[PDB]
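Colleague: Sharing a structure, written as structure tokens. Questions coming.
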Amino acid sequence: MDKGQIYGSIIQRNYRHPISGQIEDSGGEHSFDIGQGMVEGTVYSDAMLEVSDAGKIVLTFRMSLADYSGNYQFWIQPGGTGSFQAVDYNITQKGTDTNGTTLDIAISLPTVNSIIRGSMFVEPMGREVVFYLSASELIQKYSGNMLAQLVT
Ligand code: HEM
Ligand code: HEM
């Protein structure tokens, strides 16, 4: 583990891609209001951003409703443009809220200037969903219970 900084971050949660304006989820344009609420209800806004002095970055976000979903896959898109690049993730912690299991998902980023695309199957919906996340509004001092993967 390396010298660096641990920030609090606010996750921008998007049903509609913030750069292209396109919705990839099969719900499409006519479902924007329910889709946006669904992303917001699933992914917590408060997150952790680790930046080592050497330049490595790890973003941890928290997913609610994990008892109802699965087959998580993630892609990175630097600058929010160009191709989606498949990326590994690690569950660094599990917790609980009023909906059951929560998962802390850690993903390495080439830059904070990055879109994360996620997809997963949702059991009660009987279909897979596609959404976008990105980190902003950095807070110098992280406050919360996520577990640091990278920096001391
Ligand atoms: C975060 C990603 C998600 C997106 C983008 C999303 C999107 C949507 C959309 C567009 C609909 C309208 C029906 C349809 O198009 O199939 C819907 C319905 C529904 N979703 Fe999701 N959803 C997400 C996550 C979840 C999760 C994790 C659950 C598990 C509890 C869930 C439970 C439901 C239920 C029960 C309905 C039908 C009831 C209703 O009309 O609201 N969703 N969702
Ligand atoms: C019996 C019917 C419903 C059920 C079981 C249900 C369940 C849920 C669940 C489990 C969540 C995830 C966040 C949380 O646990 O607090 C959620 C979020 C949400 N629901 Fe419902 N819901 C229902 C009806 C509705 C209706 C009628 C509306 C519209 C007035 C609505 C609007 C929203 C919105 C906007 C969110 C996102 C809130 C957030 O940002 O955390 N829901 N719902």
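Naming works like this for the structure tokens: A, B, ... for the chains as they're shown, residue 1 at the start of each chain, ligands 1 onward in shown order.
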Write down as a CSV table (one decimal) with N, CA, C and O atoms, in the first residue's frame the residues belonging to chain A that are assigned alpha helix (DSSP H) by DSSP computed on the backbone.
Modeller:
```csv
chain,number,residue,atom,x,y,z
A,32,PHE,N,-37.2,7.2,-19.0
A,32,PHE,CA,-36.2,7.9,-18.4
A,32,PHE,C,-36.4,8.2,-16.9
A,32,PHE,O,-35.5,8.0,-16.1
A,33,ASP,N,-37.6,8.6,-16.5
A,33,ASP,CA,-37.9,8.9,-15.1
A,33,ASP,C,-37.8,7.7,-14.2
A,33,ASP,O,-37.1,7.8,-13.1
A,34,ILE,N,-38.4,6.6,-14.6
A,34,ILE,CA,-38.3,5.4,-13.7
A,34,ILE,C,-36.8,4.9,-13.7
A,34,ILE,O,-36.3,4.5,-12.7
A,35,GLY,N,-36.2,4.9,-14.9
A,35,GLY,CA,-34.8,4.4,-15.0
A,35,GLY,C,-33.8,5.2,-14.2
A,35,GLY,O,-32.9,4.7,-13.5
A,36,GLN,N,-33.9,6.6,-14.2
A,36,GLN,CA,-33.1,7.5,-13.4
A,36,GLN,C,-33.2,7.2,-11.9
A,36,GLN,O,-32.3,7.1,-11.2
A,37,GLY,N,-34.5,7.1,-11.5
A,37,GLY,CA,-34.8,6.8,-10.1
A,37,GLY,C,-34.3,5.4,-9.7
A,37,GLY,O,-33.8,5.3,-8.5
A,38,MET,N,-34.3,4.5,-10.6
A,38,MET,CA,-33.8,3.2,-10.3
A,38,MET,C,-32.3,3.1,-10.1
A,38,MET,O,-31.8,2.5,-9.2
A,39,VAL,N,-31.5,3.8,-11.0
A,39,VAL,CA,-30.1,4.0,-10.8
A,39,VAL,C,-29.8,4.7,-9.4
A,39,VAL,O,-28.9,4.2,-8.7
A,40,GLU,N,-30.5,5.7,-9.1
A,40,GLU,CA,-30.4,6.5,-7.9
A,40,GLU,C,-30.7,5.6,-6.7
A,40,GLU,O,-30.0,5.6,-5.7
A,41,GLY,N,-31.8,4.8,-6.8
A,41,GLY,CA,-32.2,3.9,-5.7
A,41,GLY,C,-31.2,2.7,-5.5
A,41,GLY,O,-31.2,2.1,-4.4
A,42,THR,N,-30.4,2.4,-6.5
A,42,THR,CA,-29.5,1.2,-6.4
A,42,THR,C,-28.1,1.6,-6.0
A,42,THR,O,-27.5,0.8,-5.2
```
Colleague: Please list as a PyMOL selection string every residue within 7 Å of range 104-108 of chain A, counting only C-alpha atoms and excluding residues in the same chain fewer than 4 positions away.
Modeller: chain A and resi 57-63+88-94
Colleague: Choose the residue, out of A:122, A:103, A:135, A:19, that has the smallest atom-to-atom separation from residue 80 in chain A; count only C-alpha atoms.
Modeller: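 When distances to residue 80 in chain A are compared using only C-alpha atoms, the smallest one comes from A:19.
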Colleague: Can you tell me which residues sit at most 9 Å away from ligand 1, counting only C-alpha atoms and all ligand atoms, written as a VMD selection string?
Modeller: chain A and resid 13 to 15 25 to 28 30 to 43 63 to 70 99 118 to 131
Colleague: Keeping only C-alpha atoms, write those residues as a short mmCIF file (atom, residue, chain, number, x, y, z; two decimals), in the first residue's frame.
Modeller:
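Final file, out_34.cif:
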```cif
data_model
loop_
_atom_site.label_atom_id
_atom_site.label_comp_id
_atom_site.auth_asym_id
_atom_site.auth_seq_id
_atom_site.Cartn_x
_atom_site.Cartn_y
_atom_site.Cartn_z
CA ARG A 13 -25.54 8.26 -11.27
CA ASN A 14 -26.89 8.21 -14.82
CA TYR A 15 -29.58 6.37 -16.76
CA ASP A 25 -30.76 0.34 -21.09
CA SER A 26 -33.57 -1.40 -23.01
CA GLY A 27 -36.07 0.89 -21.24
CA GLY A 28 -35.04 3.72 -23.59
CA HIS A 30 -39.83 6.69 -22.68
CA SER A 31 -38.58 5.21 -19.41
CA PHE A 32 -36.17 7.95 -18.36
CA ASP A 33 -37.92 8.94 -15.11
CA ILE A 34 -38.26 5.40 -13.74
CA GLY A 35 -34.78 4.44 -15.03
CA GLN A 36 -33.06 7.45 -13.41
CA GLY A 37 -34.82 6.81 -10.08
CA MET A 38 -33.79 3.15 -10.34
CA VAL A 39 -30.10 3.98 -10.76
CA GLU A 40 -30.35 6.46 -7.88
CA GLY A 41 -32.15 3.91 -5.68
CA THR A 42 -29.51 1.25 -6.43
CA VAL A 43 -26.20 3.12 -6.17
CA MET A 63 -24.52 -0.92 -4.40
CA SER A 64 -27.85 -1.51 -2.67
CA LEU A 65 -30.29 -4.31 -3.64
CA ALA A 66 -27.60 -6.96 -4.23
CA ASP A 67 -30.03 -9.69 -3.06
CA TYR A 68 -32.04 -8.86 -6.20
CA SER A 69 -29.29 -8.53 -8.80
CA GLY A 70 -26.17 -10.23 -10.16
CA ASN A 99 -33.14 -3.86 1.36
CA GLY A 118 -22.23 -1.03 -15.45
CA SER A 119 -24.57 -3.83 -16.40
CA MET A 120 -26.29 -6.51 -14.30
CA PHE A 121 -29.32 -8.80 -14.28
CA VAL A 122 -32.19 -7.73 -12.03
CA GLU A 123 -34.35 -10.69 -10.91
CA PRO A 124 -37.69 -8.94 -10.25
CA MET A 125 -37.35 -7.02 -13.55
CA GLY A 126 -36.65 -10.23 -15.50
CA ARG A 127 -34.01 -8.40 -17.55
CA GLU A 128 -30.55 -6.85 -17.55
CA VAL A 129 -30.01 -3.11 -17.03
CA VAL A 130 -27.25 -0.70 -18.11
CA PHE A 131 -26.25 2.48 -16.24
#
```
Colleague: I'd like the neighbourhood of residue 79 in chain A as a list in words, where a residue qualifies if any of its atoms comes within 10 Å (using only C-alpha atoms), though same-chain residues fewer than 5 positions away should be ignored.
Modeller: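 Once the nearby chain positions are removed, what remains is residues 19, 111, 112, 113, 114 and 115 of chain A.
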Colleague: For the selection just defined, write its residues with N, CA, C and O atoms to a file, as a PDB file, in the first residue's frame.
Modeller:
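The resulting file, again-v7.pdb, is shown below:
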```pdb
ATOM      1  N   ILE A  19     -22.534  12.446 -21.730  1.00  0.00           N
ATOM      2  CA  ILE A  19     -21.784  13.069 -22.825  1.00  0.00           C
ATOM      3  C   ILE A  19     -22.496  12.849 -24.155  1.00  0.00           C
ATOM      4  O   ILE A  19     -22.653  13.781 -24.945  1.00  0.00           O
ATOM      5  N   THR A 111      -7.871   7.447 -14.986  1.00  0.00           N
ATOM      6  CA  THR A 111      -8.042   8.843 -14.581  1.00  0.00           C
ATOM      7  C   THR A 111      -9.400   9.025 -13.887  1.00  0.00           C
ATOM      8  O   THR A 111     -10.325   8.243 -14.120  1.00  0.00           O
ATOM      9  N   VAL A 112      -9.525  10.063 -13.058  1.00  0.00           N
ATOM     10  CA  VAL A 112     -10.802  10.392 -12.415  1.00  0.00           C
ATOM     11  C   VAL A 112     -11.782  10.870 -13.489  1.00  0.00           C
ATOM     12  O   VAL A 112     -13.007  10.736 -13.356  1.00  0.00           O
ATOM     13  N   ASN A 113     -11.212  11.426 -14.558  1.00  0.00           N
ATOM     14  CA  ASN A 113     -11.948  11.840 -15.737  1.00  0.00           C
ATOM     15  C   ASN A 113     -12.378  10.626 -16.550  1.00  0.00           C
ATOM     16  O   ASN A 113     -11.881  10.402 -17.665  1.00  0.00           O
ATOM     17  N   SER A 114     -13.303   9.851 -15.983  1.00  0.00           N
ATOM     18  CA  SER A 114     -13.714   8.565 -16.542  1.00  0.00           C
ATOM     19  C   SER A 114     -15.176   8.275 -16.273  1.00  0.00           C
ATOM     20  O   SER A 114     -15.676   8.540 -15.174  1.00  0.00           O
ATOM     21  N   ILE A 115     -15.846   7.712 -17.274  1.00  0.00           N
ATOM     22  CA  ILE A 115     -17.165   7.111 -17.093  1.00  0.00           C
ATOM     23  C   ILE A 115     -17.009   5.620 -16.772  1.00  0.00           C
ATOM     24  O   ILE A 115     -16.190   4.928 -17.382  1.00  0.00           O
TER      25      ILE A 115
END
```
Colleague: Between A:140, A:77, A:45, A:52, single out the one closest to ligand 2, counting only C-alpha atoms and all ligand atoms.
Modeller: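 The closest residue to ligand 2 is A:45.
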Colleague: Excluding residue 142 in chain A and its own-chain neighbours fewer than 4 positions away, which residues fall within 12 Å of it when counting only C-alpha atoms? Please give them as a list in words.
Modeller: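 Within the cut-off, the hits are residues 5, 6, 7, 8, 9, 10, 46, 47, 48, 49, 50, 60, 137, 138, 146, 147 and 148 of chain A.
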Colleague: Can you pull out every residue within 7 Å of residue 4 in chain A, counting only C-alpha atoms, but drop anything in the same chain fewer than 2 positions away, and send it as a list in words?
Modeller: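 In the requested format, the answer is residues 2, 6, 51, 52, 53, 151 and 152 of chain A.
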Colleague: I'd like the interatomic distance between atom 31 (C, counted along the ligand's line) of ligand 2 and CA of residue 74 in chain A, to a tenth of an Å.
Modeller: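 The value is 26.7 Å.
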Colleague: From the DSSP assignment of the backbone, select every residue of range 40-106 of chain A that is strand (DSSP E), and format the answer as a count of residues only.
Modeller: 42
Colleague: Rank nothing, just name the residue among A:56, A:133, A:102, A:117 nearest to ligand 2, using only C-alpha atoms and all ligand atoms.
Modeller: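 For ligand 2, the nearest of the given residues is A:102.
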Colleague: Would you please work out which residue, of A:82, A:150, A:144, A:12, is nearest to ligand 2 when using only C-alpha atoms and all ligand atoms?
Modeller: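 Ranking A:82, A:150, A:144, A:12 by distance to ligand 2, first place goes to A:12.
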Colleague: Quick one: of A:97, A:21, A:84, A:1, who's nearest to ligand 2, counting only C-alpha atoms and all ligand atoms?
Modeller: A:97
